[PDB]
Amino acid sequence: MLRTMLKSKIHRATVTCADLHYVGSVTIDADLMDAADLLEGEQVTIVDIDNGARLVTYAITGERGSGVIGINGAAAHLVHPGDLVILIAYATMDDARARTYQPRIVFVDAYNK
């Protein structure tokens, strides 16, 4: 059958910026999206360690090394700058792939690296 499963996760990134107007959901440092294998435009979940918020949105490729981690519009509420959040990207898969699979997990720097 088809089970949905943890394909990638950026562990403990700090929320760089945040802007209520103009949208782009979550714009992530290019290096992080490749490291965590994420495609510009991909359902991403966000969990805020500082205030337990939870969102589901697409991800936007930000500049490299900039350690960018921005929440654009709407999610600008709930999640804020200086907030340690977690990014999660699942993926439905055949019960087969489901069994054996190494999720692209990215631990990160206090500066996001």
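In case it trips you up, residue 1 is the first one in the sequence shown, and so on.
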Quick check: 21-29 versus 6-14, which has the larger average CA B-factor in the record? 21-29
How does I60 rank on Cα B-factor within its chain, lowest, middle or highest third? highest
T45 - which third its CA temperature factor falls in, relative to the rest of the chain: lowest
Would you mind ranking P81 by its C-alpha B-factor against the rest of the chain and naming the third, lowest, middle or highest? middle
Considering every modelled residue of the chain and its Cα B-factor in the PDB entry, is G73 in the lowest, middle or highest third? highest
